[PDB]
C-alpha cells in the first residue's frame, strides 16, 4: 500500500503516515474502532474470513493546492470484503465535496487492485455529494441506521452503501 497514488482535480490519496496522525491528533483518533463499516447486509460469514487475517489500512486525503491533510479513509479488508469510512477535518469549509472526490478515487482502485466480492461504505444521509459519488460508483444503499449521527440541533441516518458481486 506504499505504492498507492490516487489523484483527482482537488485531492489525492496516499498511505497515511505517522506524521499525518500526529498533526491531525486534535481531530483524528488513531485508536482502532471495531470495524470500518458498522453495519452491512447479512451475508455468509466466510466472506470476512479469520480476524488474524484481517488487514487494516489508512489513506490520507491530501489537498493538492496546499498539501494539507484534509481527511482520512479508513479501510478494513476481510478475505473477500472491503469496508471503509471517512474522517474529514472539522476545520474544512466544505468537507462533503472533498469526501465525495475521495470516494470517487478510492472505489475504482478497490474494485481493480483487489479480489473483492463486497465493498461496504458508511455515508451519512445528509452527505449529498458523497451519496451521489457512491451511486455513480455503482454502490447501492443497503442499510439504514436511523438517527445514528448527531448534527447541530438534530440527528441524521447513517446509511451503508454496498456493491455485492452477483455470485453472492
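Numbering follows the first chain given and starts at 1.
- Higher mean CA B-factor, judged across 89 to 97 and 69 to 77 from the recorded values: 89 to 97.
- Averaged over Cα atoms, the B-factor as recorded in the entry is higher for 107 to 115 than for the other of 121 to 129 and 107 to 115.
- Out of 23, 14, 146, 151, it is 23 whose C-alpha atom has the highest B-factor in the PDB entry.
- Reading the B-factor column for the CA atoms of 54, 60, 37, 102 in the entry, the top value corresponds to 54.
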